[PDB]
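Note that each Cβ is placed from the backbone with ideal geometry, even for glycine, and that neighbours are counted across all protein chains shown. Where a number appears in this text, it was derived from the coordinates with a stated rule and is not lab data.
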Amino acid sequence: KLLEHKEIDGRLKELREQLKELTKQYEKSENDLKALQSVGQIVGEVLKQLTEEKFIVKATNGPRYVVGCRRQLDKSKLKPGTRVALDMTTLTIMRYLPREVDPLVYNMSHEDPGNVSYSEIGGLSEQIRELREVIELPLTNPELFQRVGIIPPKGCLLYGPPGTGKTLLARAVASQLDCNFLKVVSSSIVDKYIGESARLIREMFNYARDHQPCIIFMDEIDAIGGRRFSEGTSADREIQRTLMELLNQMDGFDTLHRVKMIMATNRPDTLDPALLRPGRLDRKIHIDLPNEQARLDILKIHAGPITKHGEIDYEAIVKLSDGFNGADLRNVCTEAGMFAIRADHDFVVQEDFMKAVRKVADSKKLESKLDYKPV
Amino acid sequence: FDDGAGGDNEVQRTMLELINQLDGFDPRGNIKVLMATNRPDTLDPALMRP
Amino acid sequence: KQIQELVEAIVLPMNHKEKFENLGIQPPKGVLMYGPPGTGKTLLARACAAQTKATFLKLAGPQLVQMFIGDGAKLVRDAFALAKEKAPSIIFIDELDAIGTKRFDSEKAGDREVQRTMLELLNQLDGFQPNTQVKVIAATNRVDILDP
Ligand SMILES: Nc1ncnc2c1ncn2[C@@H]1O[C@H](COP(=O)(O)OP(=O)(O)OP(O)(O)=S)[C@@H](O)[C@H]1O
């Protein structure tokens, strides 16, 4: 009988909620009008510490200045190398920032994928154990090597076949360990301003040594688009001085805190004898193709995501194909899946595998210069 | 002409622009172009094509 | 066999994704043409434009070379957004070498937006932002100008 108290409480709910929400957005947008006090700044980077209260900043289009802080902007934080926000009129420092530059360091840094198992293809005989010693064990205990007093194993070279001991079967224990696994495809050091090579060597290490036991990995040591010439015209000491400054900031002169080098390639032709000394490549290692039963391994792990009957002759594909590549067995699985797409079947029959044997192992045979070992 | 010296290349960018707007993907039309060179062996086979 | 590879590996993702899902595989991302400059490369992209209707998108090479700086990377992102709006994306670029250059190892100068459009093209393209509705067509004259 008194629903006009609820027609007044409903007027309260609706009208007060709507006017309060409109005036609440008007409160935050009156604060956006109050941002006509917060009217702009400049941004520069500290280039040096001039005096304890002065700094030289970098206008990004041009000139360099003398600034101070606001009052309490932590003058120890503003080291040369930080980025600050600069005042508009007084031009002095207002607020620190992060950032840094070109993503050719970044797109090789943390685009880095991982394998869904330790056995992504197979053949983990020396792999698990010796890679385990060269990375994980002195990072767990440096004092064992401090019975001798030397840095951790200076890193193998995964050489052999291009593709079972080159890029595949490189990230086996890396999937398990997961500490500081970056990528360096070594084309990102051959720069434009050619002395940025050593600067990006500093940018490699001085960004790496955070995840403290670092993984210095380098696929394809001398990589740029194309092939390579010999000890004549300009197929020259770019590699040598670049690689010796690599080895400079790897070990020898400068390193810190149980960083593990890992080199992995067989493509380059020109390499340093001083690369090949004990102390920078103290241990090295070799990889066979398969031993024909690692063929069975890489096939039985390549026989993964395939609908079948369970009748796929592994001996026929192992012995009848000769690819010697997990990527070759990848192509085998791919084209056998396409020949189940052909003839319209969900299952990949063993004869689709032999069609893959035929077509893939014949298109496989359109290659020359099937051998690679430096020096 | 390009290997690890990295010098003069922008004219080649202009010339590839010329090939792009010249021929292939809706070329000229009622336009008859005569060219001349003393050096045929310094040409590009991105214009040698009939 | 090149028509086989072309149609049967690009147009079948346009019509049969589940046929990859019934078997448990994954269609390739990135298809590249190369060879001598007379065998017909643009013709295959035009045969795609004819015999398929899944939003053919040309893209000319030195059009991406910019002077008002910052336009070509935005333009490539616009191209992938626009072809994303019509989800099966037939995407072709001719003379990829004219925008994907061997990074020249020399000082004192350099055009920059070739690198900017290159980084953003590889960014929008593959690796970062993966998507199964990108059908990458590209044709060039030469191969040893390109980047690994
Ligand atoms: N199978 C073919 N049948 C008919 N004409 C063909 C065939 N293959 C090539 N052509 C001819 O060759 C030319 C097409 O090749 P191009 O237009 O050069 O392709 P493309 O993309 O320009 O190659 P480049 O490397 O960029 S010059 C035209 O004159 C076509 O008529």
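Here is a list of conditions, (1) away from the ligand (no atom under 16 Å from the Cβ); (2) within 17 Å of C:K135 (Cβ to Cβ), and C:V65 meets all of them except one; can you say which number that is?
Failing condition for C:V65: (2).
Among the residues of the range A:301-355, count how many are of a type in the set (D, E), more than 22 Å from A:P290 (Cα to Cα) and touching an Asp or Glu at 6+ places or on another chain (Cβ under 9 Å).
Residues that pass the stated criteria total 1.
Going through the range A:204-227 one residue at a time, which ones are more than 27 Å from A:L137 (Cα to Cα) and either without any contact (Cβ under 8 Å) to a residue 40 or more places away in the chain or touching a helix residue (DSSP H, G or I) at 6+ places or on another chain (Cβ under 9 Å) (or both)?
A:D222, A:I224, A:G225, A:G226, A:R227
Any residue in the range C:51-73 that is out of contact with any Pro (no Cβ under 9 Å at 6 or more places or on another chain), loosely packed, with under 15 Cβ neighbours inside 10 Å, within 14 Å of chain A (Cβ to nearest Cβ) and aliphatic (A, V, I, L, M)?
Looking for residues that are out of contact with any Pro (no Cβ under 9 Å at 6 or more places or on another chain), loosely packed, with under 15 Cβ neighbours inside 10 Å, within 14 Å of chain A (Cβ to nearest Cβ) and aliphatic (A, V, I, L, M), one finds at least one in the range C:51-73, hence yes.
Considering only the range C:101-137, how many residues are in a loop (DSSP other than H, G, I, E, B) and within 14 Å of chain B (Cβ to nearest Cβ)?
Summing the residues that are in a loop (DSSP other than H, G, I, E, B) and within 14 Å of chain B (Cβ to nearest Cβ) in the range C:101-137 gives 12.
Please go through the range C:1-45 and give me each residue that is more than 12 Å from chain A (Cβ to nearest Cβ), touching a strand residue (DSSP E or B) at 6+ places or on another chain (Cβ under 8 Å) and more than 10 Å from the ligand (Cβ to nearest atom), ordered by number.
Result: C:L6, C:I10, C:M14, C:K29, C:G30, C:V31, C:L32.
Check A:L296, A:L256, A:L246, A:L276 and return the single one that is under 25 Å from A:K192 (Cβ atoms) and touching a residue at least 12 places away in the same chain (Cβ under 8 Å).
Unique residue meeting the criteria: A:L246.
Does the range A:295-340 hold any residues that are in a helix (DSSP H, G or I), of a type in the set (A, V, I, L, M, F, W, C) and in contact with a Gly (Cβ under 9 Å, 6 or more places away or on another chain), and which are they?
Passing the criteria: A:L296, A:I298, A:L299, A:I301, A:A327, A:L329, A:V332, A:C333.
Could you please let me know if A:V116 is within 14 Å of chain C (Cβ to nearest Cβ) and farther than 24 Å from C:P148 by Cα?
Yes: the conditions hold for A:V116.
Identify all residues within the range C:90-100 that are within 7 Å of another protein chain (Cβ to nearest Cβ) and assigned to a loop (DSSP other than H, G, I, E, B); write none if there are none.
C:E95
Can C:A60 be described as within 17 Å of C:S89 (Cβ to Cβ) and within 16 Å of the ligand (Cβ to nearest atom)?
no
Quick one: which helices (runs of 4 or more DSSP H) sit completely within the range A:1-115 and have at least 2 residues that are closer than 27 Å to A:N206 by Cβ?
A:103-109
Among (1) more than 14 Å from chain C (Cβ to nearest Cβ); (2) closer than 30 Å to A:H211 by Cα; (3) surrounded by 12 or more Cβ atoms within 10 Å (Cβ to Cβ), which single condition is A:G81 missing?
All conditions are met except number (3).
For the range B:1-32, how many residues meet the condition of being more than 16 Å from the ligand (Cβ to nearest atom), among the small types (G, A, S) and within 12 Å of another protein chain (Cβ to nearest Cβ)?
Of the residues in that region, 4 qualify.
Say whether the condition of being without any contact (Cβ under 8 Å) to a residue 60 or more places away in the chain and within 14 Å of the ligand (Cβ to nearest atom) is met by at least one residue in the range B:33-42.
no
Tell me which of these A:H309 doesn't satisfy, since it passes every other one: (1) touching a helix residue (DSSP H, G or I) at 6+ places or on another chain (Cβ under 7 Å); (2) within 14 Å of another protein chain (Cβ to nearest Cβ).
A:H309 satisfies every listed condition except (1).
Sort out which residues of the range A:89-108 are away from chain C (no Cβ under 14 Å) and either surrounded by fewer than 11 Cβ atoms within 10 Å (Cβ to Cβ) or under 31 Å from the mean Cα position of the chain (by Cα) (or both), and write them in order of number.
Hits for the range A:89-108 are A:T89, A:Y96, A:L97, A:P98, A:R99, A:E100.
Evaluate the range A:318-332: report whether one residue or more is closer than 21 Å to A:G123 by Cβ, within 14 Å of chain C (Cβ to nearest Cβ) and over 28 Å from the mean Cα position of the chain (by Cα).
Looking for residues that are closer than 21 Å to A:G123 by Cβ, within 14 Å of chain C (Cβ to nearest Cβ) and over 28 Å from the mean Cα position of the chain (by Cα), one finds at least one in the range A:318-332, hence yes.
For C:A49, indicate whether it is touching a residue at least 40 places away in the same chain (Cβ under 8 Å) and out of contact with any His (no Cβ under 9 Å at 6 or more places or on another chain).
yes
In the range A:109-142, how many are more than 24 Å from A:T164 (Cα to Cα), crowded, with 17+ Cβ neighbours inside 10 Å and aliphatic (A, V, I, L, M)?
Here the count works out to 1.
Inside the range A:341-356, can you point out the residues that are of a type outside the set (V, I, T) and in a helix (DSSP H, G or I)?
A:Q350, A:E351, A:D352, A:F353, A:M354, A:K355, A:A356
If C:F80 meets every condition in (1) within 9 Å of another protein chain (Cβ to nearest Cβ); (2) crowded, with 18+ Cβ neighbours inside 10 Å; (3) away from the ligand (no atom under 16 Å from the Cβ); (4) not acidic (D, E) apart from one, which number is that one?
(1)
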